[PDB]
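To start, the structure under review is shown below, and the notes come after it.
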Amino acid sequence: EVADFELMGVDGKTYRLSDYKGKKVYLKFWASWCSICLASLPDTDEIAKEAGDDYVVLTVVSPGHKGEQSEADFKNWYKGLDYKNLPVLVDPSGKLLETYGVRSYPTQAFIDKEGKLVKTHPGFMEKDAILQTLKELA
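Here the sequence shown stands for residues 11 to 148, where the numbers follow the working numbering.
Below you can see the structure in the form of structure tokens.
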């Protein structure tokens, strides 16, 4: 059972993990400098767009940690990107990295409906594999 979090997105919305009790969550940790992260975001966006009622997609960047830009620089830089369906939660404290044991980017995290962290996967994951992993959660 993972702890709750409350983070603001680049969209200004405040996201709380507990809002999603009862649904599966796919969390993608990434950073602006990570080329494989940037190359995979179109797939993450499609996974988010197709979620329907089956699961929720969130992504997390951590300004000031692991080489990431400051929060203000990150927000400006992200305006050059175009992902209509992707929440980008900002955590300048670096605490989520610690709690999910994130050691490299990207890292995929899968949380069940009951709210337990089920799986983390360091590195690239193919879109259909992310979707199948979600199906295997209750």
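Note that CB positions come from ideal geometry on N, CA and C, so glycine has one too.
In the assembly as shown, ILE46 is an exposed residue. Its beta-carbon has fewer than 16 other beta-carbons within 10 Å.
By the Cβ criterion, the region 76-94 is not in contact with the region 23-37, since fewer than three pairs of Cβ atoms, one from each stretch, lie closer than 8 Å.
Apart from sequence neighbours up to five positions away, the residues of its chain that approach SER28 with a beta-carbon distance below 6 Å are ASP14, ordered along the chain. With the rule of 3 Cβ pairs closer than 8 Å, the region 49-56 does not count as touching the region 72-85. Under the three-state reduction of DSSP output, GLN142 falls in the helix class. Secondary structure note for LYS76: it is in no alpha helix (DSSP H), with a DSSP letter that is neither H nor E. The residues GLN118, in chain order, have a CB closer than 6 Å to that of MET135 in the same chain once the five nearest residues on each side in sequence are set aside. The three-state secondary structure of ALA119, taken from DSSP, is strand. Burial is judged here by how many other beta carbons sit within 10 angstroms of a residue's own beta carbon; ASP138 has fewer than 16 and is exposed. Non-local C-beta neighbours of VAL128 in its own chain, meaning closer than 7 Å and more than five positions away in sequence, comprise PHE120, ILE121, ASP122 and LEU147, ordered along the chain.
Here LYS129 is bridged, per DSSP, to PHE120.
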